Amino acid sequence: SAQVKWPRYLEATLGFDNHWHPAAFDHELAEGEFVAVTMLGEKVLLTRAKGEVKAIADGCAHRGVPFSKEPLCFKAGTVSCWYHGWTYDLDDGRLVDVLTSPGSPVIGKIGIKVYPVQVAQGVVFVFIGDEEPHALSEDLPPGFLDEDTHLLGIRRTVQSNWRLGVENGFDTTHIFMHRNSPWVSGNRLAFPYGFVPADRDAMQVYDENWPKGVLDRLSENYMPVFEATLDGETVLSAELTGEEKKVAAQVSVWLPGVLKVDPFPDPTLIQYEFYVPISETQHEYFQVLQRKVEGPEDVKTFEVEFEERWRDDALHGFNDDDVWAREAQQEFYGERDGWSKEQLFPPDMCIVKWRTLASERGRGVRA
């Protein structure tokens, strides 16, 4: 059954820890500003001190209140609790002072957790887990860190377990539900109702070193369905006329659960998606677009396109439906043991391979 081929995947209700996970976008943090996030059940407080983004547990060691209720900073590099003034050093999380009791004997005897942080491609990543952090590149799809590119994205909260997000991203026939998105005609896309594996090389598992993932060779080893038929009659057909754009030549997912749609939502872009667990029933959905650039002008041109088109016409215009689609599955999988009652079909094998690889390679399980 399910609990037999991918047990650790089913156990990772709260995600795979001992992996890097995005928390926010670098531009969300100005010097001295605070941003509260919840990752894999942990409340984290982010801030920028002396130009560097720091991550510390969003909970005071005294009476456990979150600093985010009223975040205070009286000296860059520290955070002070709004309740009794306990002050912590962001570099090591140690209690270095108590504003309400100078010289208190608890100073230097207490500390809270701080997390390793690395900002890459404008994204703030945080290492969650007890192990010492490994290279960030091991937890990202290949190409994400390309130096000759620029990235722009957004994040939002989705009311479903993170796994439903990943499986909604790495699903080659769910695209049927996007057939009426204004982005399809909006960007003159030749968009099929689904992709069906045409041979045994349709899916490739990368399990040699890191990163590890599953790749769907949509453009070479799949058959796209542009027509829907019911009992011998064509009841639906995609629009294939004139000059149309080709997207999604390949789609892949990589541990700890990051999607890569290449190219998408336009031939000149690549779309990455993360589904970071917030709680057992919620996740933070990140959408990041990657554009190849040759200099500052291309960067500026991309930023403008993102603001005027890509973001709202695609990240919302195309993907908004994916949000309620995920949430529509929450009860079944989250409450009714859908993991053992689902009935899959051929195209879902890529998802099965992902669950198997994830169950075998996820560095740490958080239930």
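Quick note: we count residues from 1 along the sequence shown, nothing fancier.
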Determine, for stretches 317-325 and 333-341, which one has the higher mean CA B-factor as deposited. 333-341
Segment of higher mean CA temperature factor, 143-151 or 225-233: 225-233
Using only the C-alpha B-factors in the record, can you name which of 84, 292, 178, 212 has the highest? 292
Highest recorded Cα temperature factor - choice among 204, 271, 160, 168: 204
Among the chain's modelled residues, which third holds the C-alpha B-factor of residue 58? middle
Which third, lowest, middle or highest, does the CA B-factor of residue 35 fall in along this chain? middle
CA B-factor placement of residue 68, once the chain's modelled residues are sorted into thirds: middle
Taking the chain's C-alpha temperature factors as the reference, tell me which third residue 46 falls into: lowest, middle or highest. lowest
So, residue 138's CA B-factor, relative to its chain, sits in which third? The highest
